[PDB]
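These notes are about the structure you will find just below.
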Amino acid sequence: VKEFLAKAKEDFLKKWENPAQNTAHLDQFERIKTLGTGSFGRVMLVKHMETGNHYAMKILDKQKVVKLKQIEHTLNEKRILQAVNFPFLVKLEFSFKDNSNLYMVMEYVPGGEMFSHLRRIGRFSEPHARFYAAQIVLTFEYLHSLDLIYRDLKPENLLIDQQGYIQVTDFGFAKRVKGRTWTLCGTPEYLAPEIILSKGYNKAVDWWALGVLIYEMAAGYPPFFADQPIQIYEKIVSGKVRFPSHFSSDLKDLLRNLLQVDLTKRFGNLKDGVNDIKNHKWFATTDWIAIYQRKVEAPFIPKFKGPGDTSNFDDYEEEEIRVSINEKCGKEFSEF
Amino acid sequence: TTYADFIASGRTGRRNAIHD
Ligand SMILES: Cc1n[nH]c2ccc(-c3cncc(OC[C@@H](N)Cc4ccc(Br)cc4)c3)cc12
């Protein structure tokens with residue numbers, strides 16, 4: 001581990017310092033189908049005509065990123081993405097830009113979102129949830145070691161691959177920060193109290209978010225929900241959680257620690273670091289080595305029927321790609 | 001039930017990220 005991460009820091013640092021740019025053109029890909037949508041872009045199943053491969057291309061409208069004041073965050077995204085390398089993060093294959101947008105051609109993860117299966121299935125058994133937790137545990141342990149904060153953990157951002165393993169996408173709020181940070185970021189249901197409480201924060205928010213994840217997986221719903229975010233924030237900062245009667249005692253106690261308002265008492269943030277979690281009773285059966293190697297029995301395998309099969313994703317209206325005769329936000333994005 | 005209470009609610013679908 002410490003040795004592993006040690007070697008790991010070095011490749012990221014090289015990449016951090018000399019981030020890559022413009023590794024392709026639009027016309028080398030064949031646009032096939034929107035897999036997801038968002039405030040200022042859509043992810044598309046795309047086909048590389050020279051290789052006959054499929055990727056997920058993220059298309060960011062430059063003007064809309066500017067209107068929404070998301071330039072830095074967008075920059076962090078591409079820079080951190082091309083620099084990292086772990087078995088549970090999606091691979092950035094290319095990036096380029098045109099007069100009108102920014103592109104990130106990532107690897108097409110066929111299994112669909114975790115969100116989708118969990119919604120349909122209802123709730124996951126502890127063992128099935130634990131399979132997935134362990135994978136975010138290591139992923140955070142890697143991420144944090146590089147002074148990165150993930151900041152957007154939710155079922156919608158975790159994808160399942162052919163082998164029933166996790167693939168974390170969306171690094172739109174990922175930030176390399178040594179010391180506290182202040183942006184109100186994320187999804188309401190997953191915000192740590194410090195964040196809603198405008199009090200500057202660190203990595204500890206990633207362990208509270210994980211505490212929420214495990215809860216939504218095992219019980220089928222978030223520990224704090226209401227109809228409007230203000231009502232949710234209120235619950236989050238109250239520090240009052242009710243646990244489903246079907247939660248094991250070990251799970252109830254992992255969750256009490258992970259969802260600790262007092263961040264000088266919150267697991268992951270303590271003296272012994274990430275070991276407090278990796279050594280918790282709930283996890284006693286987990287073989288972290290076997291899991292990092294992808295040699296564990298995957299509890300569920302979404303099966304798909306061939307390349308380009310997009311039946312694990314919901315349908316979205318197709319908006320048409322428009323690329324201006326005039327370069328749009330040159331200076332703002334020159335480092336992209 | 002909390003499950004019932006959850007399905008009847010407004011945030012059962014894909015949750016969006018809070019920017020500004
Ligand atoms: C499918 C798929 N296959 N291979 C991928 C690699 C990355 C991604 C991905 C990359 N950024 C963000 C993501 O988020 C999804 C979800 N939060 C909805 C959303 C939708 C569009 C925007 Br733009 C932003 C948010 C997902 C998807 C795939």
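In what follows, every chain begins at residue 1, and chains take the letters A, B, ... in the order their sequences are listed.
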Those residues at least two apart in sequence (or on a different chain) that pass side-chain hydrogen bond (donor to acceptor under 3.5 Å, both in side chains) with A:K14 are A:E17

May I ask you to check whether over 12 heavy atoms, not counting those of [X], lie within 6.0 Å of atom [atom1]?
X      : atom1 : result
A:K33  : NZ    : yes
A:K67  : NZ    : yes
A:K252 : NZ    : yes
B:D20  : CG    : no

Kindly indicate whether a cation-pi arrangement holds for A:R176 with A:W16, taking the cut-offs as under 6.0 Å to the six-membered ring centre and within 45° of the axis.
yes

Q) Just by modelled atom types, is the A:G330 backbone N or O under 3.5 Å from a matching donor or acceptor in the A:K62 side chain? A)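 Judged by distance alone, no pair lies under 3.5 Å.
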
Note to self: Donor-acceptor check, side chain of A:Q82 to backbone of A:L92, threshold 3.5 angstrom: yes or no?
What the structure shows: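 Checked: no pair found.
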
- How would you list all residue pairs meeting side-chain hydrogen bond (donor to acceptor under 3.5 Å, both in side chains) that involve residues 233-250 of chain A, not counting sequence neighbours?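 Listed by first then second residue: A:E126-A:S248.
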
Residue pairs meeting side-chain hydrogen bond (donor to acceptor under 3.5 Å, both in side chains), one or both in residues 195-204 of chain A, sequence neighbours left out, come to A:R151-A:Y201

Got [X] and [Y] here, is their nearest side-chain heavy-atom distance under 4.5 Å?
X      : Y      : value
A:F171 : A:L148 : no
A:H117 : A:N312 : yes
A:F224 : A:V241 : yes

By ring pair (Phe, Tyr, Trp, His ring centres under 6.0 Å), which residues pair with [X], not counting sequence neighbours?
X      : result
A:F131 : A:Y165
A:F283 : A:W288
A:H48  : A:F29, A:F94

Taking [X] first and then [Y], would you say they form a salt bridge - that is, a charged N and a carboxylate O separated by under 4.0 Å?
X      : Y      : value
A:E156 : B:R15  : yes
A:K271 : A:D276 : no
B:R11  : A:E216 : no

Q) Are A:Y132 and A:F88 close enough that their ring centres sit under 6.0 Å apart? A)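 They do not qualify: ring centres at least 6.0 Å apart.
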
